[PDB]
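The structure appears right after this line, and notes come after that.
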Amino acid sequence: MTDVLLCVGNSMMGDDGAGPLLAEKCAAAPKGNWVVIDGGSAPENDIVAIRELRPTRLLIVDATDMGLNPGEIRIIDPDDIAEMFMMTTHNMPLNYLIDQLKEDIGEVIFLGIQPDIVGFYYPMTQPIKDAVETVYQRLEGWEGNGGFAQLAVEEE
């Protein structure tokens, strides 16, 4: 029926602007019929907007500290977002937002990107720009997870 893309981040808080740069690119040139939405570093406001659409699926995108190399990309899941977002020692455990939507949306998905620079009045660094570009290009053939690896403490 409907499939939404919830960008999250702040465009001048460093690499944190991951969602905002993706949202700009998708707004300029759509992909995969995603109903792009930009939470604008206050994504809880947009839960109501998402709920009006009762989406079949949702994908959410922001930077996430993963202890990886800058600009590395991973799929994440609400069971693990709860720890991995506060790996920053301060970010809200964004699974709280997913829990307001996963109860009615058919699938809720997250993609994180390893930052290197975070703080107000900083641009995004080149490797995270390249990561956001890679996600943006994937979105027209992403299918379900874009073939991106799933963050799992990189062990088995």
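Convention: chains lettered A, B, ... in structure tokens order; per-chain residue numbering from 1; ligands numbered from 1 as shown.
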Exercise. Quick one: residues within 12 Å of residue 45 of chain A, only C-alpha atoms counted, chain neighbours fewer than 6 positions away excluded, as number ranges by chain?
Worked result: A: 6, 8, 37-39, 51, 97, 100
For this session: List every residue of segment 106-149 of chain A that DSSP, applied to the backbone of this structure, places in helix (DSSP H, G or I), and write the result as an MDAnalysis selection string.
Result: chainID A and resid 126:138
Hey, can you spit out that residue selection with N, CA, C and O atoms as a PDB file, in the first residue's frame?
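out-v4.pdb, written as the output of this step:
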ATOM      1  N   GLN A 126      33.434  13.644   4.280  1.00  0.00           N
ATOM      2  CA  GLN A 126      33.380  12.942   3.003  1.00  0.00           C
ATOM      3  C   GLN A 126      32.911  11.475   3.111  1.00  0.00           C
ATOM      4  O   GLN A 126      32.038  11.107   2.325  1.00  0.00           O
ATOM      5  N   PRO A 127      33.399  10.621   4.036  1.00  0.00           N
ATOM      6  CA  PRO A 127      33.012   9.214   4.011  1.00  0.00           C
ATOM      7  C   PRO A 127      31.536   9.014   4.374  1.00  0.00           C
ATOM      8  O   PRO A 127      30.913   8.077   3.875  1.00  0.00           O
ATOM      9  N   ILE A 128      30.945   9.888   5.197  1.00  0.00           N
ATOM     10  CA  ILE A 128      29.530   9.776   5.539  1.00  0.00           C
ATOM     11  C   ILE A 128      28.704  10.355   4.381  1.00  0.00           C
ATOM     12  O   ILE A 128      27.664   9.788   4.052  1.00  0.00           O
ATOM     13  N   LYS A 129      29.175  11.405   3.697  1.00  0.00           N
ATOM     14  CA  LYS A 129      28.534  11.877   2.461  1.00  0.00           C
ATOM     15  C   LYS A 129      28.465  10.741   1.444  1.00  0.00           C
ATOM     16  O   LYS A 129      27.407  10.503   0.863  1.00  0.00           O
ATOM     17  N   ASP A 130      29.570  10.019   1.254  1.00  0.00           N
ATOM     18  CA  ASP A 130      29.632   8.880   0.339  1.00  0.00           C
ATOM     19  C   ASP A 130      28.676   7.769   0.768  1.00  0.00           C
ATOM     20  O   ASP A 130      28.016   7.158  -0.073  1.00  0.00           O
ATOM     21  N   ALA A 131      28.550   7.534   2.073  1.00  0.00           N
ATOM     22  CA  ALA A 131      27.610   6.559   2.602  1.00  0.00           C
ATOM     23  C   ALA A 131      26.167   6.964   2.294  1.00  0.00           C
ATOM     24  O   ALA A 131      25.404   6.145   1.785  1.00  0.00           O
ATOM     25  N   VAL A 132      25.791   8.217   2.561  1.00  0.00           N
ATOM     26  CA  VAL A 132      24.449   8.715   2.281  1.00  0.00           C
ATOM     27  C   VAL A 132      24.171   8.628   0.775  1.00  0.00           C
ATOM     28  O   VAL A 132      23.081   8.207   0.392  1.00  0.00           O
ATOM     29  N   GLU A 133      25.144   8.953  -0.082  1.00  0.00           N
ATOM     30  CA  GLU A 133      25.016   8.800  -1.528  1.00  0.00           C
ATOM     31  C   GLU A 133      24.782   7.329  -1.891  1.00  0.00           C
ATOM     32  O   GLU A 133      23.912   7.034  -2.708  1.00  0.00           O
ATOM     33  N   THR A 134      25.505   6.399  -1.264  1.00  0.00           N
ATOM     34  CA  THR A 134      25.353   4.971  -1.521  1.00  0.00           C
ATOM     35  C   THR A 134      23.936   4.515  -1.148  1.00  0.00           C
ATOM     36  O   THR A 134      23.293   3.820  -1.938  1.00  0.00           O
ATOM     37  N   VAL A 135      23.412   4.931   0.010  1.00  0.00           N
ATOM     38  CA  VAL A 135      22.050   4.601   0.423  1.00  0.00           C
ATOM     39  C   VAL A 135      21.058   5.204  -0.577  1.00  0.00           C
ATOM     40  O   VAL A 135      20.192   4.486  -1.074  1.00  0.00           O
ATOM     41  N   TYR A 136      21.211   6.484  -0.928  1.00  0.00           N
ATOM     42  CA  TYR A 136      20.360   7.176  -1.887  1.00  0.00           C
ATOM     43  C   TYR A 136      20.293   6.417  -3.217  1.00  0.00           C
ATOM     44  O   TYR A 136      19.201   6.199  -3.740  1.00  0.00           O
ATOM     45  N   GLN A 137      21.432   5.959  -3.746  1.00  0.00           N
ATOM     46  CA  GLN A 137      21.453   5.178  -4.978  1.00  0.00           C
ATOM     47  C   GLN A 137      20.819   3.798  -4.787  1.00  0.00           C
ATOM     48  O   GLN A 137      20.179   3.290  -5.708  1.00  0.00           O
ATOM     49  N   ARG A 138      20.969   3.178  -3.611  1.00  0.00           N
ATOM     50  CA  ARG A 138      20.376   1.867  -3.342  1.00  0.00           C
ATOM     51  C   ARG A 138      18.854   1.939  -3.327  1.00  0.00           C
ATOM     52  O   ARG A 138      18.216   0.970  -3.722  1.00  0.00           O
TER      53      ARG A 138
END
Do you have, as JSON lines, the list of residues of segment 35-86 of chain A lying at most 9 Å from segment 11-24 of chain A, each with its nearest atom pair and that distance in Å to one decimal, counting only C-alpha atoms and ordered by chain then number?
{"residue": "A:36", "atom": "CA", "partner": "A:23", "partner_atom": "CA", "distance": 6.6}
{"residue": "A:37", "atom": "CA", "partner": "A:23", "partner_atom": "CA", "distance": 7.2}
{"residue": "A:38", "atom": "CA", "partner": "A:23", "partner_atom": "CA", "distance": 6.3}
{"residue": "A:39", "atom": "CA", "partner": "A:19", "partner_atom": "CA", "distance": 8.3}
{"residue": "A:40", "atom": "CA", "partner": "A:20", "partner_atom": "CA", "distance": 6.9}
{"residue": "A:41", "atom": "CA", "partner": "A:17", "partner_atom": "CA", "distance": 8.7}
{"residue": "A:60", "atom": "CA", "partner": "A:19", "partner_atom": "CA", "distance": 8.3}
{"residue": "A:61", "atom": "CA", "partner": "A:19", "partner_atom": "CA", "distance": 5.4}
{"residue": "A:62", "atom": "CA", "partner": "A:19", "partner_atom": "CA", "distance": 4.9}
{"residue": "A:63", "atom": "CA", "partner": "A:16", "partner_atom": "CA", "distance": 5.4}
{"residue": "A:64", "atom": "CA", "partner": "A:16", "partner_atom": "CA", "distance": 8.2}
Selection to disk with N, CA and C atoms, as a short mmCIF file (atom, residue, chain, number, x, y, z; two decimals), in the first residue's frame:
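Generated output (again33.cif):
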data_model
loop_
_atom_site.label_atom_id
_atom_site.label_comp_id
_atom_site.auth_asym_id
_atom_site.auth_seq_id
_atom_site.Cartn_x
_atom_site.Cartn_y
_atom_site.Cartn_z
N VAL A 36 9.13 9.89 1.40
CA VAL A 36 10.17 10.48 2.23
C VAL A 36 9.52 11.46 3.23
N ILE A 37 10.01 11.43 4.46
CA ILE A 37 9.63 12.23 5.62
C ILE A 37 10.97 12.59 6.27
N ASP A 38 11.09 13.79 6.84
CA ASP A 38 12.31 14.24 7.51
C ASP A 38 11.94 14.70 8.91
N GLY A 39 12.35 13.91 9.90
CA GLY A 39 12.12 14.16 11.31
C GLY A 39 12.85 15.40 11.84
N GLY A 40 13.85 15.92 11.12
CA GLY A 40 14.47 17.20 11.43
C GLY A 40 15.04 17.29 12.85
N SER A 41 15.65 16.21 13.33
CA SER A 41 16.19 16.01 14.68
C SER A 41 15.14 16.05 15.80
N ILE A 60 14.07 3.84 8.41
CA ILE A 60 14.51 5.01 9.15
C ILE A 60 16.02 5.11 8.94
N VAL A 61 16.57 6.32 8.79
CA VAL A 61 17.98 6.52 8.45
C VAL A 61 18.54 7.70 9.24
N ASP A 62 19.72 7.50 9.85
CA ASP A 62 20.50 8.49 10.60
C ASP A 62 21.93 7.94 10.72
N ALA A 63 22.87 8.72 11.26
CA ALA A 63 24.17 8.23 11.68
C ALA A 63 23.97 7.39 12.95
N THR A 64 24.91 6.50 13.26
CA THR A 64 24.91 5.70 14.48
C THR A 64 26.36 5.32 14.77
#
Problem set entry | Non-local contacts of segment 84-90 of chain A (9 Å; only C-alpha atoms; under 6 positions in same chain excluded) as a ChimeraX atom specification | /A:64-67,76
